[PDB]
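Chain naming here is simple, since letters A, B, ... match the order of the sequence lines and numbering starts at 1 in each.
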Amino acid sequence: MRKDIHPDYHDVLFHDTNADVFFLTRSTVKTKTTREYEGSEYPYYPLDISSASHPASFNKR
Amino acid sequence: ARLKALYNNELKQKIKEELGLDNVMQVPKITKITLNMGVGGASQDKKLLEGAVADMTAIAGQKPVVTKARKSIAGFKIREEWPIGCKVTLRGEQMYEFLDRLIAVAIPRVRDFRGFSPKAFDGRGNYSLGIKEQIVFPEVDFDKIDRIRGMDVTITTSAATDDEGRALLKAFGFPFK
Amino acid sequence: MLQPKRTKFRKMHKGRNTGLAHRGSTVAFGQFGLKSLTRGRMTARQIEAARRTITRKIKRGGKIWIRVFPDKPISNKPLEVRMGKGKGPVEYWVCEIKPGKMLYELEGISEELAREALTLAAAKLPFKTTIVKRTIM
Amino acid sequence: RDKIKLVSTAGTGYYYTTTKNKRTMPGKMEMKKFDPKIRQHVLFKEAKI
Amino acid sequence: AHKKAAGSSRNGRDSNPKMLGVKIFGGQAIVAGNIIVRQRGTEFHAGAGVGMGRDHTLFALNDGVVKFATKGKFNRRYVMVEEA
Amino acid sequence: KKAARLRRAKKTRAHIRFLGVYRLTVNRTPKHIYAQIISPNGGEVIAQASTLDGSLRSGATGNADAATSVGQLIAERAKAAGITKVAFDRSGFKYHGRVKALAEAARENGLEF
RNA sequence: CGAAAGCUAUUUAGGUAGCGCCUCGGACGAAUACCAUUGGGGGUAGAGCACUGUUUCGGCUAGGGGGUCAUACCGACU
RNA sequence: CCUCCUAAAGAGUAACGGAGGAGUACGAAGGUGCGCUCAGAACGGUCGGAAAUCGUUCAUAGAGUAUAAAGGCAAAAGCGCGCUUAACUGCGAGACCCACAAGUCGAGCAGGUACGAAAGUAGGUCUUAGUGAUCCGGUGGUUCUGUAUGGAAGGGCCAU
RNA sequence: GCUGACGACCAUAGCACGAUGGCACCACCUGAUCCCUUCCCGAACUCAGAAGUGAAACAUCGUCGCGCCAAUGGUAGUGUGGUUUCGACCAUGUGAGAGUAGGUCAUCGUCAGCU
């Protein structure tokens, strides 16, 4: 891993609002706001859908 | 890299018994993850490719490498060593953060998603998928975007058979079927 | 009129047909062959004259093998042309024949009609031929 | 390729002579060649031949 | 010139001889500098005591007796000058 | 891979024997580092120094400090062998770290190359 | 005593020049030749398809040669 | 002028014999140190296919080598990167080839370097084509000469 | 007895398939602060190390399935002398290639380490 050739790679808190499940993972996205997690305040990136929220007729005459 | 810690904690163990391996060192693991974004329209506009390099930097988190044509093809208007694609190889903790992001944040954001066919294995336990719209990743933003683009995601595992490869990927919760 | 579809080189050195046919001297495909007792050049017009004659005798009841292919171009100088000024153009294709080589084989046909057809083929050939039965060794 | 004269900068008048493409190398070429008059490597500057 | 099929085929040129080949054969006394093989490429390779020129020429680095052997994992033809 | 490591060692190995000089061949592993001196013929070992010696077997081998001791140790053994002028063979390994540390100790403690 | 009608070059090709071949003298003396044993490298004769081609027969098939409704996804079968 | 065959297993060997190339290129496409391995086939994968890019498995060269062909090429002579100018100067034991005039290879020595940690390697390029004598005239240098003497002109020598 | 280094030799040594090995040694292996790495990547290189494992690799052993090697005999060619119908033949001296019987899972040297 060289230096000063790679983009900024900081922690971001992904939060699926549907199921209210968080996802702590480092990434590059610059979040607008930053909420407080169990450890400290991480850049908050709201998320809409995640892995925890993503998935004859003639007889009526 | 929660998956790095979580793989060595229980995924490595549970795969061994589920596949009936006799040696802990014989369990499959993911070795490298390569992201290919081969842009054939380059060398004729010289604007598409830098936008691809800008896209991969945000997505993978590493400076990508610009792959040059290995052979001259007159049909595709391609000469020796022209830049017709970028690629990035992810290993160690860098792959496991990307895989977590791809499994939980990126794949659900695929429009009209039904699952990935398990018959897309090359036969040596190596998986390769394809993302049509690069906007699925939250790292890239919709507002100041150049244009919609796709990208290859190739997962290289230490497995020797297709059955071991899919069992390994199922452990992480990969969206099969 | 047999001839190679394409060759590496247009023209060839005369060469020297000598020796015995130690290869291609046994009946290998048919059950009944016609081999040569003398050497020489077997042009591609003699191939098709002996081959047309055997076909008319077997009358879609047998199988003919041609163990001789002409792949050697023979140049010829036209009339009223001095010596030199190059090498003449190619006019025909011979196959080099040595004593022992079969030229044709038959199979699937009465031994009387096969002898009667190979006899008629030798008449169009420049060789003293003979009639040979396929053996074990 | 035209012929050029590589002339030492030591003012001894010693020179080499070589060819160059004046479309891929339009400027003057300079190199450190050995000068037998002073038995020393010095810069040689391209001159018209 | 009836049948008119002849005509010029201009290929009447060739190059001069190069006088290649083995100059000193095995078991012969040799002195340093003597050319052993003139060749194109390394048909023979330089063994101990034999040098190789820019022309691929093999020459004796030191006096002795020239020796030929096929050695190595590539089954190459080597020429050596044994101190004898 | 050892096959690739020996593929990039062959250029020096073959040039050493053309020079007709004694060579200092080194071999390191993730546990040990070896150093032996081969004859110009190439089939005789005349001096060796490894981390299997009792002086520094029961110690922290596989280390840059252990490589220095081996280089210091072979220089003494080479000195009491008649050998003073060798040609270093890095045996495909990069001339760095453990291999380098061994070379400086050998080069400073009597062997000159 | 005893050739040459060769090589190279040539406004050369039936001329000429160097070398090769002859003679005379001098120097040198086995360093030369033949034969036996022995150390070498070769790619010819022959041979053979392992390469480059070419060639015949059979087996075997993605591509091709044909026949209802059938842009019905170009389908059953030769 | 170069390559193959003719050419008869050393060299050489002719024809208005059979086939092809040359009259260049490159300050890196040279030197060195370090590193690397190709062509294809199949499988998987967005556009994307027969073939662009990616990943996997076989794969002594079925590739490449600036330029024809032959012979070579894994220590690669093939492919990249860093630093460089040995594409030096004076030479050269010894050979090949050779009518001559020419041509070819060359260890080693001295000086000055370039790369390497060093042993070392480097006097252009994988080699074999890319060429033209003398005369004459020009140019850069030189104490050699300098028609009474000092110069100078002219000439000589070295380089072009 | 086995392991490693460097050599001889360059398939009778290779390929393939199976089995054995972890006390040393070797290999995977952990980690990436450090030296040093990547036209991106601790993959390779490099370092610091010892939780795991002989799974891969490697080494060793076994076999004839492939590959490789390979007679005897005969044939082809051929130097010399002779003859010939020009194909060849005789005397003498040589003598293949292909193919067959068969052989083959190498063989040694120096040094170090565990036993």
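- Shortest non-hydrogen contact noted between F/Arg90 and F/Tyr95 is CD-N, 4.1 Å.
- Taking the six-membered ring where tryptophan is involved, the planes of E/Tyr78 and E/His45 are tilted, since the angle between them lies from 30° to 60°.
- Between I/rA50 and I/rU38 there is no Watson-Crick or G-U wobble pairing whose two distances both come in under 3.5 Å.
- Residue contacts shown for F/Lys31 include a base, since a base heavy atom lies under 4.0 Å away.
- Residue E/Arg10 is out of contact with every strand shown, counting any heavy-atom pair closer than 4.0 Å.
- In this model, the phosphate group of H/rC54 is not approached by any side-chain N or O of B/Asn126 to a distance below 4.0 Å at OP1 or OP2.
- Within the nucleic acid shown, B/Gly125 has no heavy atom closer than 4.0 Å to any nucleic acid atom.
- Residue F/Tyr95 and nucleotide H/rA117 are classified as a stacked aromatic pair, their ring centres being separated by less than 5.5 Å at an interplanar angle below 30°.
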query: Nucleotide by nucleotide, 5' to 3', does protein get under 4.0 Å of the base (B), only the sugar-phosphate (S), or neither (-) in nucleotides 99-114 of chain I, counting heavy atoms?
result: ----------BBSSS-

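- Among the heavy atoms of the strands lying under 4.0 Å from C/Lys8 is at least one base atom, whether or not backbone atoms are also near.
- Under the 30°/60° scheme for interplanar angles, the aromatic rings of B/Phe116 and B/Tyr127 are found to stand perpendicular.
- Regarding B/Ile84, its CD1 atom lies at a distance of 15 Å from the P atom of H/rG48, rounded to whole Å.
- The two residues E/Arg38 and E/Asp55 have their closest heavy-atom pair at NH2-OD2, 4.2 Å.
- Relative to the side chain of C/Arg23, the nucleotides G/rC49, G/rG46, H/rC105 differ in distance, and G/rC49 lies closest.
- With both distances under 3.5 Å, H/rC96 pairs with H/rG103 in Watson-Crick or G-U wobble fashion.
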- request: Indicate for each nucleotide in nucleotides 29-40 of chain I, in 5' to 3' sequence, whether protein heavy atoms under 4.0 Å reach the base (B), only the sugar-phosphate (S), or nothing (-).
  value: S-SS--BS-BBB

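- Side-chain to base pairing of E/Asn34 with H/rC96: no donor and acceptor N or O lie closer than 3.5 Å to each other.
- In this structure, F/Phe88 reaches the bases: a heavy-atom distance under 4.0 Å links it to at least one base atom across the strands shown.
- B/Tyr127 comes within 4.0 angstrom of nothing in the nucleic acid, heavy atoms only.
- Backbone-only contact: F/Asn63 has heavy atoms under 4.0 Å from sugar-phosphate atoms and none from a base.
- Contacts with RNA chain I (heavy atom under 4.0 Å) in residues 10-18 of chain F: F/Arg13, F/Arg17, listed by number.
- With hydrogens and angles ignored, no donor-acceptor pair closer than 3.5 Å exists between the side chain of F/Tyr34 and the base of I/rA5.
- Side-chain nitrogen and oxygen atoms of D/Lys20 include none within less than 4.0 Å of the OP1 or OP2 phosphate oxygen of H/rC26.
- Pairing between H/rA69 and H/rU128: present (Watson-Crick or G-U wobble, both distances under 3.5 Å).
- Taking every heavy atom of residues 66-73 of chain C and every atom of RNA chain I, no pair lies under 4.0 Å.
- Backbone-only contact: E/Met19 has heavy atoms under 4.0 Å from sugar-phosphate atoms and none from a base.
- Below 30°, between 30° and 60°, or above 60°: for F/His32 and F/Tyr34 the angle between ring planes is below 30°, a parallel geometry.
- The shortest distance between the side-chain N/O atoms of F/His32 and the OP1/OP2 oxygens of I/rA5 is not below 4.0 Å.
- Residues that satisfy the side-chain contact (heavy atoms from CB on, under 4.5 Å) test with B/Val66, not counting sequence neighbours, are B/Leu49, B/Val53, B/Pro83.
- In this structure, D/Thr18 does not reach the H/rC26 phosphate: none of its side-chain N or O atoms is under 4.0 Å from OP1 or OP2.
- Looking at F/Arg77 and F/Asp53, a side-chain N of the basic residue comes within less than 4.0 Å of a carboxylate O on the acidic one, giving a salt bridge.
- Residue contacts for E/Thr57: at a heavy-atom cut-off of 4.0 Å it reaches the sugar-phosphate backbone alone, with no base atom in range.
- Look at G/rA47: its glycosidic torsion is beyond 90° from 0, and that puts it in the anti range.
- Judged by distance alone with a 3.5 Å cut-off, a donor-acceptor contact links the side chain of B/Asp122 to the base of H/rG55.
- Remark: E/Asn11 is in phosphate contact with H/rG18, judged by side-chain N or O atoms under 4.0 Å from OP1 or OP2.
- For the OP1/OP2 pair of G/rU54 and a distance below 4.0 Å, the side-chain nitrogens and oxygens of C/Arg6 include at least one atom meeting the criterion.
- Remark: H/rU56 does not pair with H/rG64, failing the Watson-Crick or G-U wobble criterion at under 3.5 Å for both atom pairs.
- Remark: the bases of I/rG93 and I/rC108 do not meet in a Watson-Crick or G-U wobble pair with both edge contacts under 3.5 Å.
- One donor-acceptor pair, N or O on each side, does fall under 3.5 Å between the base of H/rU104 and the side chain of E/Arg38.
- For the OP1/OP2 pair of G/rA45 and a distance below 4.0 Å, the side-chain nitrogens and oxygens of C/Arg16 include no atom meeting the criterion.
- H/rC83 and H/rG138 are not base-paired: they meet neither the Watson-Crick nor the G-U wobble geometry with both distances under 3.5 Å.
- Scanning atom types as modelled, one donor and one acceptor separated by under 3.5 angstrom connect the side chain of E/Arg13 and the base of H/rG20.
- For E/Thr42, the side-chain atoms get nearest to H/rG72 when compared with the rest of H/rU53, I/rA88, H/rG72.
- Across all strands shown, E/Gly51 has no heavy atoms under 4.0 Å from either base or sugar-phosphate atoms.
- In the set H/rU46, H/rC96, H/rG72, the nucleotide with an atom closest to the side chain of E/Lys23 is H/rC96.
- Distances shorter than 4.0 Å separate some side-chain N or O of E/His45 from OP1 or OP2 on H/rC73.
- Checking the phosphate oxygens (OP1, OP2) of H/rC26, a side-chain nitrogen or oxygen of D/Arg1 falls inside 4.0 Å.
- In this model, the phosphate group of H/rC1 is approached by a side-chain N or O of E/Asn16 to a distance below 4.0 Å at OP1 or OP2.
- A Watson-Crick or G-U wobble pair links I/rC29 with I/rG49, each of its two atom distances being under 3.5 Å.
- For I/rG67 with I/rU104, the Watson-Crick or G-U wobble criterion holds, each of the two distances under 3.5 Å.
- For E/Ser15 and H/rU3, the shortest distance from a side-chain N or O to OP1 or OP2 is below 4.0 Å.
- Between G/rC77 and G/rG66 there is a base pair of the Watson-Crick or G-U wobble kind, both of its two distances falling under 3.5 Å.
- Side-chain atoms of E/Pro17 lie closest to H/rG12 of the nucleotides H/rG12, H/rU89, G/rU54.
- D/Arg39 has no side-chain polar atom (N or O) that falls below the 4.0 Å cut-off from OP1 or OP2 of H/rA110.
- If you find the closest nucleotide of RNA chain G to C/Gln3 and to E/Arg77, the one lying nearer the 5' end belongs to E/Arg77.
- Using the rule of two distances under 3.5 Å, G/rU54 and G/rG43 do not count as a Watson-Crick or G-U wobble pair.
- Contact check, F/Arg5 against I/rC26: no side-chain N or O comes under 4.0 Å of OP1 or OP2.
- Contacts of E/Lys67 with the nucleic acid, taken as non-hydrogen atoms under 4.0 Å apart, are absent.
- Residue E/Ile35 is in base contact, counting any heavy-atom pair closer than 4.0 Å across all strands shown.
- Among the atoms of the strands shown, only primed sugar atoms or phosphate atoms (P, OP1, OP2) are found under 4.0 Å from some heavy atom of F/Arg28.
- The aromatic ring of B/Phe76 sits over the base of H/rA52, with ring centres less than 5.5 Å apart and planes tilted by under 30°.
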field: Protein proximity profile, nucleotides 124-129 of chain H - base contact B, sugar-phosphate-only contact S, no contact -, cut-off 4.0 Å on heavy atoms
entry: -SBBS-

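- Within 4.0 Å (heavy atoms only), C/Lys5 reaches sugar-phosphate atoms of the nucleic acid but no base atom.
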